[PDB]
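Commentary on secondary and tertiary structure
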Amino acid sequence: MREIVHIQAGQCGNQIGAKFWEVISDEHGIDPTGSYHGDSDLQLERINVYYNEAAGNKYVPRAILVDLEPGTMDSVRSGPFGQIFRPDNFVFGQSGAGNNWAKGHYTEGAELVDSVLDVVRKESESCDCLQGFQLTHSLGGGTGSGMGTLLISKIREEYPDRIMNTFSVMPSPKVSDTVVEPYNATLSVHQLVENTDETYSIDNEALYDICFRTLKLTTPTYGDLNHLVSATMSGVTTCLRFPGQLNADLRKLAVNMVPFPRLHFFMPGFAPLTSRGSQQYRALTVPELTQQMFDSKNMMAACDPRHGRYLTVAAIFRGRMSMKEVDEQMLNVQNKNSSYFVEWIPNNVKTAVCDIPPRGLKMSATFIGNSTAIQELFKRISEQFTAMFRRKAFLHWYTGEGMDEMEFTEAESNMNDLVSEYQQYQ
Amino acid sequence: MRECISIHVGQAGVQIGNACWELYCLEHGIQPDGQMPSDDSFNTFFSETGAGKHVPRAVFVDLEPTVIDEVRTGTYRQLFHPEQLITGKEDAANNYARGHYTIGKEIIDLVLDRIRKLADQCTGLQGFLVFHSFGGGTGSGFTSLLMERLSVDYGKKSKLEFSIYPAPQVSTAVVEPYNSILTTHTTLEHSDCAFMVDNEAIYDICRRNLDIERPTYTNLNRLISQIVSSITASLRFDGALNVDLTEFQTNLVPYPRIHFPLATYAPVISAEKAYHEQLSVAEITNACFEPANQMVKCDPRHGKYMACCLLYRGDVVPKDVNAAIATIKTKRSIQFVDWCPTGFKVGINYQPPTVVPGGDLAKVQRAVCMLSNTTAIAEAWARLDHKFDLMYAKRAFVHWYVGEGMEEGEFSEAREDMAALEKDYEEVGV
Ligand SMILES: CC(=O)O[C@H]1C(=O)[C@@]2(C)[C@H]([C@H](OC(=O)c3ccccc3)[C@]3(O)C[C@H](OC(=O)[C@H](O)[C@@H](NC(=O)c4ccccc4)c4ccccc4)C(C)=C1C3(C)C)[C@]1(OC(C)=O)CO[C@@H]1C[C@@H]2O
Ligand SMILES: Nc1nc2c(ncn2[C@@H]2O[C@H](COP(=O)(O)OP(=O)(O)OP(=O)(O)O)[C@@H](O)[C@H]2O)c(=O)[nH]1
Ligand SMILES: Nc1nc2c(ncn2[C@@H]2O[C@H](COP(=O)(O)OP(=O)(O)O)[C@@H](O)[C@H]2O)c(=O)[nH]1
Ligand SMILES: [Mg+2]
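Parameters at a glance
- Here the residues of each chain are numbered from 1 in the order the sequence is written, which can differ from the numbering of the entry; residues without coordinates are not included.
- Whichever chain is written first becomes A and whichever ligand is written first becomes 1, with later ones labelled in order.
- Values reported for side chains reflect all heavy atoms of the structure, with hydrogen atoms and water molecules removed beforehand.
- Only DSSP runs of H or I with at least four residues qualify as helices, and only runs of E with at least two residues qualify as strands; both kinds are numbered from the N terminus onward.
- The globule rule used for comparison is 2.2 Å times the number of residues to the exponent 0.38, while the radius of gyration itself is calculated over C-alpha atoms.
- Per-residue accessibility, obtained with a 1.4 Å probe over protein chains only, is compared with the maximum for each type, and a residue is labelled buried under 20%, exposed over 50%, and partly exposed between these values.
- All accessible-area figures derive from a Shrake-Rupley calculation using a 1.4 Å probe, and residue coverage is judged against the displayed protein chains alone.
- The convention is simple: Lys and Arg are positive, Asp and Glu are negative, and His and the chain ends are not counted.
- The location of each charge is read from NZ of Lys, CZ of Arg, CG of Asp or CD of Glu.
- UniProt positions are given in the numbering used here, feature names are shortened, and annotations may be inferred rather than shown by experiment.
- With a 1 Å grid spanning the protein atoms alone, the term cavity applies to any set of points in which a 1.4 Å probe fits but cannot get out, the term pocket to an open set with protein on both sides within 12 Å along at least five of seven lines, and the term lining residue to any residue with an atom within 4 Å of a point.
- The contact definition used throughout considers only heavy atoms, calling two residues in contact when any of these lie within 4.5 Å.
- Polar contacts here mean pairs of N or O atoms no more than 3.5 Å apart (in protein, one a potential hydrogen donor and the other a potential acceptor; neighbouring residues in sequence count only if both atoms are side-chain atoms).
- We call a residue near a given molecule or strand whenever any one of its heavy atoms falls within 4 Å of it.
- More than half of a molecule's atoms lying within 2 Å of a cavity's or pocket's grid points is what places that molecule inside it.
- Charged means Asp, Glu, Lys or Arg here, nonpolar means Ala, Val, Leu, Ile, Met, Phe, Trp, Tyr, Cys or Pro, and polar covers whatever is left, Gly included.
- Lines fitted to C-alpha atoms define the axes here, with helix axes fitted over just the stretch in contact, and angles between the N-to-C directions of these axes take values from 0 to 180 degrees.
- Roughly parallel covers angles under 35 degrees, roughly antiparallel covers those over 145, roughly perpendicular covers 65 to 115, and oblique covers all other angles.
- Crossing handedness is defined as follows: a turn of the near helix away from the far one that is anticlockwise and smaller than a right angle gives a left-handed crossing, while the clockwise case is right-handed.
- Here the nonpolar core consists of buried residues drawn from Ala, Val, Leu, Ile, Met, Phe, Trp, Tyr and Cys, with membership extended through side-chain atoms lying within 4.5 Å.

As recorded in the entry header, the structure was determined using cryo-EM to a resolution of 5.8 Å.

Here it is in structure tokens:
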């Protein structure tokens, strides 16, 4: 029944993934051993969406773990929840990607993908009815960007009608740890625009802005950023795991969210978010849940939605709440902010409402925004790529892996074609 | 004898069903396990097995498991026959073409096999009661696949249809206008009386009459079931003027395509208000001609009425009803067509309206359901085809419908057929 297969690529994809498995195991009431210890029948009713049932009532997550280095597998396997994953589903090389997209796609991961894909088959054949693939990765560096988009291409060719749904941490100018992220990202966005059905664009600059200007964390780690990402990952699949007043499958999102086939790059968000020193003074009620959820400060990509228009927004609410109050607030937002929504769509907001809020919250909303402002993320990556490529800087590392300057020219061509399609509707 | 097969489709139809069957069980005194402690009044809605178990004449259909798996687990798990709660694997995704062409194409011959096994227990089947959302993928596409089959399989039998229809402002989906327009062939060709209802109108009725500031859907579904209990009451109970389900249609429907009445119910009232007013037949009759109580956001004063069925129930007497409708004929704001000098069909049933014990709505000695054919409803269509036009001019989501086996020309052919219905309701008002 609507199974998801989840796949983790590179350091970032395995880190946002290994936190996601701690979050959905808390929801489903599964112990770090793999045993169920939860309160409620509703936790166990849809455990099949993310887990395989196994002997002794142990539940093994339907995750494939992919890397070109052993050291992230060693860090996950030794971690808070590491023993829960199937030993056969850790698929890895020895020599890394070197932060090179061409090592991922053409050499080091082209060797390994035959050993990955045949595990994705064992999980997908163990499904009763697969709904889709849920892939976590980063667009900077080489493993997530270049092997993860190789793997998207292989799974897309094999499963053409299932949902391909990716969570994609991607570069920004003021929070960059690598010289060649513009190249790696530009070569990777060229694969996402053609193959994925949804891509959730996430940024470390926006995840630090939530930590500093909303949560008021003094020293936010990558573990704190991974917690913000994985809350929205748990959010969008909620309606295929729990009952609700309005159910929305990942496909019921896509049909409402994607007006034209290629405009599937989404900007996620979450509510409530508070400092731990101010949760005492807020009322969590749907109007306050809404006023935060649509705030330019709350969204997990550096694009301000006041620099564009929304095509579609989806607000996936969780908790015991009024349908009048939810339908009132999603009306009031797009009438009082009407200059920020496209006027050729007569209602821009999808709503969904689950009966089961996150453990320790009375209510939650996960926000998904499709906005013409996402062009500013692809535009800045293309403007950084352009400066390095106009002088062929660092290209012997890619052409030494058998790549061409023609593939760089074709990737940046397709990047500006994606920017032009979002700008067209602005 | 006098059976009705009740078919509940998608999330909206199933959740209205879970309120309808909550009501019918209380009204006939059937326990939620289907047993009856201590007349054939239940026979329209329940088949009786030799154990003394009353099993409902209903089919619940959804293309995804979630809502019917909740019916299979909640207090009514023992009421229904387990194979007439029908689920697929795959959601219809608010896409008409998944409901009609691609996903619902697999479940249909299992659904019709259950309807046949119900109809073969009916000794004198009166009609079908079909419950759905106009905005849903299962709601529009599966109901339109099912009705096309029922209209060749049961061509004589009356098909009454209860539709949650998109609002002026309130909406839950971007593609609600596409699914609703594609449905207009179903209601025109394969339905006999189609009761449009609106979430935004019932929310405003809840705010003004029930004093509930922020309602859920469970508050709406206890009003949509109160109307079908009032339509079917003459089939189930003794009355002064019992109305047959074809007698109803012979007075409601002036022309074959002109079968989209409004409905309203009175008194919708909070139990705290109901002590401080007397709620006489004339008060509750006049309440039905307020714009404030119409369950579609359109104004009846911008139309002409063609025919009304005032379906009274409880402590109502034919004197008081004649005296009431004589005042409705006196008022010039309530305008009828020149060609209907009679105006009113009246039904009067001796069974008071049943309170659901968890409900927002008062105990009252009297109720009326007014079902009402009026030209005004064409504005609810002229709202929604203007939502369709803005999106279809851009082809704004059409690749998801074309991608699941629909002809692109069906959008033009559905907007065309809606303009011919909106023409007919303007054309008869002269
Ligand atoms: C008493 C009280 O209100 O406690 C809250 C709390 O103080 C706040 C600050 C929590 C807290 O969040 C954080 O500390 C945090 C830090 C960095 C990044 C992200 C979160 C909380 O830790 C987080 C925790 O949330 C959960 O436990 C959810 O089930 C969540 N899962 C996890 O956080 C989790 C943690 C460890 C292991 C496994 C799961 C979740 C989110 C989305 C979907 C599914 C589950 C909650 C409500 C609280 C505390 C405990 C203080 C907040 O988080 C959530 C998701 O509600 C941060 O802002 C909100 C508002 C809350 O008021
Ligand atoms: N009153 C009422 N309205 C409902 C209820 N559930 C859904 N609706 C309305 O139904 C419309 C959307 O239809 P869906 O619930 O998505 O219909 P569906 O057939 O399940 O659609 P699919 O998921 O695509 O199969 C919205 O306008 C809702 O307001 C309910 O329980 N009561
Ligand atoms: N949020 C998050 N970002 C990370 C994490 N680790 C690395 N990153 C950041 O995102 C980029 C990810 O690249 P990486 O995953 O290391 O490349 P790969 O291993 O070759 O795929 C890095 O440059 C970091 O800025 C992590 O745990 N969480
Ligand atoms: Mg549905």
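That was the structure; now back to the text.
Let's talk about the overall build of chain A
Within chain A one finds 14 helices and 13 strands. For chain A, the C-alpha radius of gyration of 21 Å lies close to 22 Å, the compact-globule estimate for 426 residues. For chain A, buried positions account for 63% of its 426 residues. Total accessible area on chain A stands at roughly 15600 Å², and carbon and sulfur atoms take up 47% of it. In chain A, 37 side chains carry a positive charge and 51 a negative one; their mean positions are 6 Å apart.

Structural notes on the UniProt feature "binding site: GTP" in chain B
Residue and element names in this part refer to chain B. The feature "binding site: GTP", as given by UniProt, occupies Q11, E64, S133, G137, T138, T172, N199 and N221 in the numbering adopted here. Here the residues from the annotation list that line the largest cavity are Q11, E64, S133, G137, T138, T172, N199 and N221. Mapped onto the elements of the fold, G137 is located in helix α5 (residues 137-153). For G137, a relative accessible area of 2% translates into the label buried. Residues within four places of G137 in sequence aside, it is in contact with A92, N94, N95, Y96, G99, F142 and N179.

What to know about the UniProt feature "active site" in chain B
All names here are of chain B. Under the UniProt annotation, the feature "active site" is placed at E247. Inspection of the secondary structure assignment puts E247 in helix α9 (residues 245-252). Residues within four places of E247 in sequence aside, it is in contact with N242 and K345. Separated by 3.1 Å, the side chain of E247 and the backbone nitrogen of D244 make a polar contact.

Things to note about the site of ligand 2
In the region of ligand 2, 21 residues are neighbours, and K252 of chain A together with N94, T138, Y217 and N221 of chain B sit closest. The local environment of ligand 2 is shared, drawing residues from chains A and B. One of the backbone N or O atoms of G139 of chain B is found 2.8 Å from an oxygen atom in ligand 2. Within the complex, 96% of the 650 Å² of free accessible area of ligand 2 lies under protein. Among the cavities detected, the one that contains ligand 2 is the largest cavity. Of all the elements in the fold, those that place two or more residues in the shell around ligand 2 are α1 (10-28), α5 and α8 (218-236) of chain B. Residue classes in the shell around ligand 2 are distributed as six nonpolar, twelve polar and three charged.

A short note on the site of ligand 1
All names here are of chain A. With respect to spatial proximity, 21 residues lie near ligand 1, and among them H227, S234, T274, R276 and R359 are the closest. Separating an oxygen atom of ligand 1 from a backbone N or O atom of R359 is a distance of 2.8 Å. For ligand 1, the accessible surface in isolation is 980 Å², of which the surrounding protein chains cover 76%. Under a 2 Å grid-point criterion requiring more than half of the atoms, the pocket assigned to ligand 1 is the largest pocket.

Structural notes on the UniProt feature "binding site: GDP" (unreviewed entry) in chain A
Residue and element names in this part refer to chain A. As annotated by UniProt and renumbered to match this structure, "binding site: GDP" (unreviewed entry) occupies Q11, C12, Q15, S138, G142, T143, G144, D177, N204, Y222 and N226. Summarising the element assignment, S138 is placed in strand β6 (residues 130-138). Relative to the elements of secondary structure, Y222 occurs in helix α8 (residues 222-236). With residues up to four places along the chain from it excluded, the contact list for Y222 reads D177, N204 and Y208. A polar contact of 2.9 Å, which involves the side chain of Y222, links it to the side chain of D177.

Here's the deal with the packing of helix α12 (residues 378-394) of chain B against helix α14 (residues 409-427) of chain B
Residues and elements named next belong to chain B. Close contact between α12 and α14 brings their axes to 10 Å; oriented N to C, the two are set at 155 degrees. With respect to α14, the axis of α12 lies roughly antiparallel. α14 is crossed by α12, and the crossing has left-handed handedness. Judged by residue contacts, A378, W381, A382, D385, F388, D389 and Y392 of α12 engage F411, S412, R415, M418, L421, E422 and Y425 from α14.

A closer look at the nonpolar core
Residues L253 and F317 of chain A together with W21, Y178, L371 and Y401 of chain B are the most contacted members of the largest nonpolar core, which totals 223 residues. If we skip the residues at most four places from it in the chain, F317 of chain A touches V286, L289, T290, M293, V326, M330, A352, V353, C354, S364 and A365 of chain A. Ranked by size, the runner-up nonpolar core spans 27 residues in total, among them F289, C308, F344 and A362 of chain B.

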